[PDB]
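As given, the protein sequences belong to chains A and B, one line each in that order.
For the first sequence, the authors' numbering assigns the number 33 to the initial residue and increments by one for each residue that follows.
For the second sequence, the authors' numbering assigns the number 36 to the initial residue and increments by one for each residue that follows.
As structure tokens, the structure follows; a few thoughts come after it.
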Amino acid sequence: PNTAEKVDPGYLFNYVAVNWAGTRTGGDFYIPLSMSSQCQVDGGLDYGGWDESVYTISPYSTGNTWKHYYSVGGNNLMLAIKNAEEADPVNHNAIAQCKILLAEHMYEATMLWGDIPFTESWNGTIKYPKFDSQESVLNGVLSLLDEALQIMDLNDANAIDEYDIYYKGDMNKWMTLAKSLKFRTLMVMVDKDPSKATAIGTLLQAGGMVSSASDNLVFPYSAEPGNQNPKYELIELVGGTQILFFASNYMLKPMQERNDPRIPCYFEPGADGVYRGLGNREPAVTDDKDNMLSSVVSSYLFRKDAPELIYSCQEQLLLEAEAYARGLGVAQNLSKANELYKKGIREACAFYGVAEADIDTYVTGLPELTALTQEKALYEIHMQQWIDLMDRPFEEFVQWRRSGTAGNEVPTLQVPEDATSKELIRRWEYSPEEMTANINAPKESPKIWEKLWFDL
Amino acid sequence: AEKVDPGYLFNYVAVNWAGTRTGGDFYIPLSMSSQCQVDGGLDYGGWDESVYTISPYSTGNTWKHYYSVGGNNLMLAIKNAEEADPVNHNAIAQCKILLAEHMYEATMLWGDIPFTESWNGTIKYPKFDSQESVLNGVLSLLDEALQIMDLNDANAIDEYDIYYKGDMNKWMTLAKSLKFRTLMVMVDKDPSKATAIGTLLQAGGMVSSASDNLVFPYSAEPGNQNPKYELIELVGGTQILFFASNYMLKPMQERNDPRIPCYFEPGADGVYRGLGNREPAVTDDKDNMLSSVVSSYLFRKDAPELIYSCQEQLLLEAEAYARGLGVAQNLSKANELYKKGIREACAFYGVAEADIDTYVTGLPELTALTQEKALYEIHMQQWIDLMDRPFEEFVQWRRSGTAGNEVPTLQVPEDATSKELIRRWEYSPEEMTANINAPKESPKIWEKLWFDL
Ligand SMILES: [Cl-]
Ligand code: NA
Ligand code: NA
Numbered sequence: 033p034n035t036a037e038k039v040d041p042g043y044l045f046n047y048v049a050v051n052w053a054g055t056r057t058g059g060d061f062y063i064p065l066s067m068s069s070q071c072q073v074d075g076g077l078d079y080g081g082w083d084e085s086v087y088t089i090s091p092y093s094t095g096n097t098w099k100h101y102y103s104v105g106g107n108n109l110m111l112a113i114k115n116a117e118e119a120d121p122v123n124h125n126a127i128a129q130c131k132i133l134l135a136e137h138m139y140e141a142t143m144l145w146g147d148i149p150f151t152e153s154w155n156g157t158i159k160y161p162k163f164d165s166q167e168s169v170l171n172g173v174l175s176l177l178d179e180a181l182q183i184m185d186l187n188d189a190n191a192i193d194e195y196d197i198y199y200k201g202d203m204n205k206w207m208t209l210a211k212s213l214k215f216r217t218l219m220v221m222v223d224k225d226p227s228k229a230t231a232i233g234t235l236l237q238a239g240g241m242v243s244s245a246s247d248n249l250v251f252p253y254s255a256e257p258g259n260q261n262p263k264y265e266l267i268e269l270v271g272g273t274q275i276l277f278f279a280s281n282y283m284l285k286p287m288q289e290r291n292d293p294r295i296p297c298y299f300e301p302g303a304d305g306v307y308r309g310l311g312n313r314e315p316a317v318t319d320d321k322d323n324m325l326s327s328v329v330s331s332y333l334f335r336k337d338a339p340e341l342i343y344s345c346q347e348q349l350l351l352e353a354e355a356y357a358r359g360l361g362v363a364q365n366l367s368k369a370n371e372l373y374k375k376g377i378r379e380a381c382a383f384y385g386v387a388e389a390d391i392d393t394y395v396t397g398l399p400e401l402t403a404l405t406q407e408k409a410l411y412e413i414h415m416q417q418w419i420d421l422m423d424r425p426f427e428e429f430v431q432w433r434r435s436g437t438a439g440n441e442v443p444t445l446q447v448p449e450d451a452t453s454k455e456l457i458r459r460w461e462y463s464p465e466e467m468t469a470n471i472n473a474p475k476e477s478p479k480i481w482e483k484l485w486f487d488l
Numbered sequence: 036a037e038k039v040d041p042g043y044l045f046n047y048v049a050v051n052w053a054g055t056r057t058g059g060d061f062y063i064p065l066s067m068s069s070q071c072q073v074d075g076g077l078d079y080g081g082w083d084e085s086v087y088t089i090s091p092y093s094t095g096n097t098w099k100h101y102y103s104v105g106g107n108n109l110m111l112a113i114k115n116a117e118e119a120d121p122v123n124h125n126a127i128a129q130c131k132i133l134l135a136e137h138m139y140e141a142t143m144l145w146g147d148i149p150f151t152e153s154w155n156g157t158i159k160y161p162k163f164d165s166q167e168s169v170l171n172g173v174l175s176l177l178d179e180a181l182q183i184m185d186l187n188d189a190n191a192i193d194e195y196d197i198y199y200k201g202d203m204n205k206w207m208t209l210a211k212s213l214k215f216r217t218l219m220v221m222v223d224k225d226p227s228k229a230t231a232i233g234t235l236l237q238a239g240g241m242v243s244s245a246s247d248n249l250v251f252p253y254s255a256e257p258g259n260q261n262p263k264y265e266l267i268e269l270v271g272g273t274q275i276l277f278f279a280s281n282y283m284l285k286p287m288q289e290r291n292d293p294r295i296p297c298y299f300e301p302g303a304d305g306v307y308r309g310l311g312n313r314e315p316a317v318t319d320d321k322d323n324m325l326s327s328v329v330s331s332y333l334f335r336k337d338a339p340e341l342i343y344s345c346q347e348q349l350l351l352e353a354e355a356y357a358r359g360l361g362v363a364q365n366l367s368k369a370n371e372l373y374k375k376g377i378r379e380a381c382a383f384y385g386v387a388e389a390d391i392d393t394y395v396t397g398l399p400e401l402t403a404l405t406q407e408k409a410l411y412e413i414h415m416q417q418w419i420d421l422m423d424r425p426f427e428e429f430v431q432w433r434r435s436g437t438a439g440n441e442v443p444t445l446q447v448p449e450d451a452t453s454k455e456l457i458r459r460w461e462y463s464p465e466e467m468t469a470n471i472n473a474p475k476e477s478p479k480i481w482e483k484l485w486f487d488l
């Protein structure tokens with residue numbers, strides 16, 4: 033923490049950004065979350081055959097991911113903040129930028145592990161930091177974001193700019209993002225802490241939150257060697273043919289019932305031109321000539337320059353729609369909900385490259401939320417959220433758990449047949465290094481089916 | 036996993052292997068635990084590995100490299116080369132040499148490990164082979180490589196061979212040298228290897244000049260920078276994490292070794308001075324560094340990662356002649372090779388020719404020493420050569436002596452739990468959990484491996 037000397041905040045910020053994206057798109061994160069959440073499937077043991085399909089998350093995967101949030105990301109964001117505080121002139125915007133990423137790092141960590149270190153982390157005086165409750169951590173996330181919004185200065189050109197790969201130092205975009213991450217985090221907490229409804233309402237009244245694609249928080253991979261999306265390498269190592277990630281029936285069937293024009297963007301068809309999916313661990317279907325008849329996840333999503341989307345306007349717009357449908361700090365309003373639902377679906381389809389005319393057709397044909405019961409309207413919003421997040425398995429897993437209380441999650445999932453667990457997965461076990469080295473860690477890790485605080 | 040280019044896989048392995056060897060989860064554990072370097076105390080480096088606390092992530096990441104990243108893909112590359120038309124015999128040789136070297140490195144950390152049953156679809160949970168099996172397996176792979184290799188076939192891994200660009204004469208020279216090195220590792224525990232060592236010495240054609248070195252060339256190009264540079268950039272670009280160990284510096288000073296300025300930076304007063312394990316780095320009242328840090332030049336972006344060197348080879352040859360391993364004991368020959376190896380060592384680190392001459396001139400002739408004292412000086416030169424190559428250093432230190440006569444003599448770190456010097460690593464968490472044929476308990480870090488007496 034204080035062992036390092038003078039380090040440029042921008043260098044550190046970008047190092048964190050690159051490794052964070054590398055982590056989110058890596059095999060020790062993307063695969064566990066996609067296969068365990070069942071938003072994708074592995075095509076059985078002959079193909080993907082991922083242990084994570086039956087809830088076996090490797091201790092290397094938890095350790096590598098944990099190492100990123102605490103050593104690679106957290107430690108260096110804190111260091112960047114310290115250098116920005118100590119600079120002359122004080123770089124207020126750099127502090128805001130770094131605090132927003134730090135907030136998002138701790139948010140992601142607690143949504144996997146629940147109770148985790150935070151308040152005592154990155155402290156030279158504390159050898160072995162205590163574990164904070166998820167409730168503490170999530171309120172800590174909100175505080176960081178509010179601290180960022182307070183210290184930020186839109187009339188100061190000084191910021192992390194050349195080393196800000198997200199927004200190039202445009203503090204209006206960081207402001208817009210910080211508010212949106214607040215809103216998202218509040219939506220995560222509001223089932224367990226209903227008193228958050230008020231703060232949600234206040235943000236909805238204020239506006240100025242992520243609303244179009246230019247506002248997206250996205251890490252841009254490129255074709256340049258050295259900045260290629262790790263997902264490409266994953267497929268190159270098995271010959272360049274995408275035979276590891278398959279269309280899950282939990283994803284494809286709802287899309288087919290709604291005639292969703294994203295199907296060709298999310299999946300490749302079978303050899304006959306037909307899109308067809310698979311259950312968890314169901315063997316991929318081939319003909320006698322060994323042609324693939326099952327749908328695989330689109331190879332386009334595993335290309336070298338595939339972007340890594342961290343927070344999107346679709347995501348925001350469908351959450352706003354949900355808030356109005358549920359009347360969270362605002363009067364229940366299915367008219368406004370419908371407007372935002374339609375808008376979110378348009379931005380979703382646009383992001384994945386659906387043609388304008390096909391978007392129009394899809395959105396036109398979808399029932400107005402106005403014409404449904406509040407219960408059915410909310411179900412359709414939740415389903416659209418589930419559809420939106422197939423290629424964003426971390427957000428998907430949060431979304432699925434958040435979507436319902438007392439077994440009413442959308443969509444309804446079955447426990448994988450060959451899993452030890454009798455119940456659906458709800459969290460990750462703690463990393464081996466933290467369990468060994470930290471004397472203030474739990475002696476025992478909670479089981480993977482034990483709900484986290486936010487999850488009812 | 037279907038049709039894949041062997042060259043693509045080979046290069047992917049090479050890059051990640053170098054990335055692993057120069058990474059903080061390998062270089063730091065080995066340098067700090069072996070005590071060929073020190074951390075300057077808790078205010079500076081403050082590395083847990085100084086007190087033998089090797090993280091379960093570090094063992095897991097390293098293990099993952101040898102088995103998943105390296106081994107699995109080398110096997111896959113070999114399979115694709117076997118199935119190609121025409122059969123790419125040289126690619127197979129190239130891949131087998133690297134695979135041998137991967138298993139060699141793994142057994143020298145963990146002892147008994149999977150090998151014969153690894154990378155097999157029919158075997159869920161592979162058994163652990165004895166180190167003896169693995170090391171003989173390493174020799175077999177190298178011999179298989181030398182046999183299948185074809186010097187009249189232009190076809191090989193060339194554009195994707197970052198080491199030698201497909202020059203199979205260099206791979207031949209290397210394979211023989213790795214055999215020799217591996218035999219030297221085994222000969223204390225298995226003295227019958229002396230004969231095979233003798234045979235290789237008679238034949239020659241082993242690594243002898245810098246162009247023969249197996250080295251991964253990092254560059255200034257973003258995307259191929261040495262991880263050690265990033266490590267120092269993250270703490271401000273000033274090298275305050277790796278410090279001169281007294282176990283390294285003092286022997287160099289008593290011999291007036293001209294590598295001192297290449298290995299270290301002097302203190303602010305121009306004096307080179309070292310530190311004990313975990314000893315706090317010394318500063319003046321003005322906060323200038325008076326202790327010697329490891330040279331920042333060694334942490335530059337294009338610092339090469341040396342995997343097998345001609346110094347290393349030449350000092351081992353010198354040792355073999357000094358000990359009479361399959362050849363008649365011969366301190367004249369040993370002296371010739373010792374002098375030669377020291378010259379190549381100093382040259383590698385950029386010592387000026389005149390200063391090399393002075394140093395080698397001033398060193399006693401092995402001829403004029405007892406065989407015991409001559410061997411001690413060879414061992415000390417080997418220890419000096421490997422400061423910035425901590426994996427090889429740790430092998431070297433353990434191999435250097437039997438029954439507590441290692442060179443140099445080391446003390447156990449004060450704040451370590453262990454009562455004895457470190458000898459191995461504990462097994463990775465994933466392998467202990469997932470493999471039902473793994474040991475229930477990991478051996479303790481002070482329990483000698485098979486080769487180590
Ligand atoms: Cl900048
Ligand atoms: Na829930
Ligand atoms: Na020994």
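Even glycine gets a Cβ: it sits at the ideal position worked out from N, Cα and C.
Using beta carbons (cut-off 9 Å, strictly below), is residue i in contact with chain B?
| i | result |
| --- | --- |
| A/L144 | no |
| A/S326 | no |
| A/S90 | yes |
| A/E37 | yes |
| A/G95 | yes |
Beta carbon of residue i, beta carbon of residue j: below 9 Å?
| i | j | result |
| --- | --- | --- |
| A/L372 | A/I232 | no |
| B/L111 | B/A36 | yes |
| A/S344 | A/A245 | yes |
| A/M143 | A/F486 | yes |
| A/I132 | A/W206 | yes |
| A/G311 | A/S327 | no |
| A/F278 | A/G81 | no |
Quick one: give me the first and last residue of the alpha helix (DSSP H) that residue i is part of.
| i | result |
| --- | --- |
| A/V250 | Here A/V250 belongs to no alpha helix (DSSP H); instead the beta strand (DSSP E) covers 249-251. |
| B/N107 | 107-118 |
| A/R56 | 41-56 |
| B/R216 | 203-221 |
| A/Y92 | 91-99 |
| A/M467 | 464-469 |
Starting from residue i and walking both ways along the beta strand (DSSP E), at which residues does that stretch end?
| i | result |
| --- | --- |
| B/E340 | 340-343 |
So, with DSSP's three-state summary, where would you put residue i?
| i | result |
| --- | --- |
| B/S280 | strand |
| B/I63 | helix |
| B/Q406 | helix |
| A/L325 | coil |
| A/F486 | coil |
| A/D164 | strand |
| A/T234 | helix |
| B/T151 | coil |
I'd like to know if residue i contacts chain A, where contact means its C-beta is closer than 9 Å to some C-beta of that chain.
| i | result |
| --- | --- |
| B/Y62 | no |
| B/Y462 | no |
| B/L44 | yes |
| B/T217 | no |
| B/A338 | no |
| B/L269 | yes |
Taking the runs of the beta strand (DSSP E) that are 3 residues or longer, which of them lie wholly in the region 329-404 of chain A?
340-343
Residue ranges of each alpha helix (DSSP H) run of no fewer than 4 residues wholly in the region 260-313 of chain A, ordered along the chain?
262-268, 281-289, 295-298
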